[PDB]
Amino acid sequence: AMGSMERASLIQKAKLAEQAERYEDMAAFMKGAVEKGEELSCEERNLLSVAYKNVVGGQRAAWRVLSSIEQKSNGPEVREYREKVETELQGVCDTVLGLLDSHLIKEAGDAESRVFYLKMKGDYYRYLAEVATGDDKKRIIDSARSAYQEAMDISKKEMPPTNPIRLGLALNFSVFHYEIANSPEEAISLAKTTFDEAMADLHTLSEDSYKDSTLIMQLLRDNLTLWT
Amino acid sequence: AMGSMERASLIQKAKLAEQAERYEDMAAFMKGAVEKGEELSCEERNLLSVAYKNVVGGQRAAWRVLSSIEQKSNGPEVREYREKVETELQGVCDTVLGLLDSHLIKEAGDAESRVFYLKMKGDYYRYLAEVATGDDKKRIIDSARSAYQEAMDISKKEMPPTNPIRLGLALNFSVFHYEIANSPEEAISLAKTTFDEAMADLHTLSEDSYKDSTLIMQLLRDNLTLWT
Amino acid sequence: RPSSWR
Amino acid sequence: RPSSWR
Ligand SMILES: *Cc1ccc(-n2ccnc2-c2ccccc2)cc1
Ligand SMILES: *Cc1ccc(-n2ccnc2-c2ccccc2)cc1
Ligand SMILES: [Cl-]
Ligand SMILES: [Cl-]
């Protein structure tokens with residue numbers, strides 16, 4: 001759809017749509033930028049991620065409202081509308097996974113980009129898993145697990161424990177464990193060692209990096225407080 | 001788009017989309033219901049209004065963010081994107097006005113329905129006026145004024161001063177005066193006599209009607225405090 | 001800036 | 001219910 005617009009204009013308009021809270025537009029602009037074929041900078045990867053997380057975030061929130069109504073009732077209308085939203089959500093997840101597979105991940109050599117894209121891959125398979133009920137549910141769960149696990153292996157080899165991508169990856173993999181894989185003990189163990197090893201590496205950081213890392217550590221702490 | 005769905009299912013799904021905060025869906029469902037050709041009940045008119053007010057409300061908020069950026073700067077990107085949002089907003093206003101004209105207003109005989117639809121007509125011409133800059137700006141302003149004025153004439157003949165539709169109509173017509181027509185004195189005069197004549201009719205109301213009326217009177221009061 | 005019916 | 005990266 002965006003093939004006739006300059007890459008740089010797509011990026012510029014992506015930022016404008018973020019300011020205007022037009023995240024569907026923002027996602028379409030970043031999709032167009034990705035399809036230019038060039039690798040994405042650190043800032044551009046964030047823009048892509050913010051756009052689609054917000055789009056899929058509203059679809060997940062709506063799916064949960066509708067699936068809760070549907071459960072409390074079990075005419076076809078509630079099921080039909082939940083299925084409509086669910087289908088739209090799956091379409092957005094498939095689009096993100098398609099962009100990662102064509103060709104963001106295969107061209108990502110640096111740990112920061114490769115971990116970032118593998119984290120996204122795990123997240124969007126997680127969102128697919130949240131709505132899955134058929135024969136492919138186990139396969140979707142394992143795809144999320146496989147992406148997260150490769151990201152974790154790289155991040156532990158290549159990044160310091162306070163690295164924000166590393167910390168966000170561990171946070172989300174632990175949510176996966178708790179929420180999708182029925183492994184609350186694995187979720188708690190990962191959140192705690194991630195938090196403890198980040199604590200020990202804070203002394204190496206500047207004030208701004210310290211602020212970045214402790215923000216995400218506090219989300220790990222919030223979950224540990226919820227889960228124990 | 002909705003021609004194959006039952007009217008009652010469209011209404012049911014409209015309510016579901018409201019609960020899920022899916023207002024674009026809600027608007028499309030209510031559009032489909034309107035296009036069934038039957039008049040709308042009191043509750044259905046509210047659903048139609050809530051859906052499109054929320055859709056156009058987000059477009060206006062985005063337009064204002066972008067037009068503010070555009071002003072602070074004056075590449076073509078900011079203008080282009082503001083024009084994209086503005087065009088989408090105009091499309092939604094044209095769709096609502098089209099539904100009112102085909103054929104909600106001509107079939108509305110009761111004061112409650114006719115005032116309600118004429119208020120909507122004035123509102124969506126007001127939203128068109130907010131973004132208008134060409135030769136048709138004056139004509140758009142007069143269309144909003146004409147719709148509001150017919151609504152006001154009917155409401156004063158046919159409704160008590162505390163009627164919520166009457167009060168909401170007067171609130172919005174006074175915003176028109178202040179914000180669009182450059183008539184702040186007319187805006188203040190209408191807000192004050194509307195508020196004062198509602199005060200005097202509260203003694204006739206039940207507790208629930210009292211709550212309904214004083215809620216909208218407080219918006220009139222807030223504006224008077226802003227404007228004086 | 002001013003309030004219309006909400 | 002739990003927090004993922006926000
Ligand atoms: C999933 C995720 C985790 C952390 C961050 N984050 C926080 C602060 N800076 C960053 C960042 C991560 C990657 C690239 C640039 C910035 C974002 C997303
Ligand atoms: C524009 C507008 C003004 C008032 C109301 N309102 C408030 C409480 N009830 C209602 C109402 C109006 C018309 C039909 C049903 C309810 C709504 C909209
Ligand atoms: Cl549906
Ligand atoms: Cl554009």
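Order of the sequence lines sets the chain letters (A, B, ...), proteins ahead of strands, with each chain counted from 1.
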inquiry  = For a side-chain contact (heavy atoms from CB on, under 4.5 Å) check, start with the C-alpha distance between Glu77(A) and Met5(B), then their side-chain angles and the critical distance, and finish with the verdict.
reply    = CA-CA 10 Å; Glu77(A) 286 84 358; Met5(B) 205 173 314; 5.9 Å; no
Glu38(B) CD: over 12 foreign heavy atoms closer than 6.0 Å = no
request  = State whether the number of non-hydrogen atoms from other residues, nucleotides or ligands found under 6.0 Å of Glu24(A) atom CD is greater than 12.
outcome  = no
inquiry  = Please find the pair of heavy atoms, one from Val65(B) and one from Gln19(A), that lie closest to each other, and give the distance.
reply    = CG1-O, 3.8 Å
key: Side-chain touch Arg22(A)/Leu66(B), heavy atoms, less than 4.5 angstrom   = no
key: Residues of residues 6-16 of chain B contacting chain A, heavy-atom criterion under 4.5 Å, by residue number   = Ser9(B), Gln12(B), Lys13(B), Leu16(B)
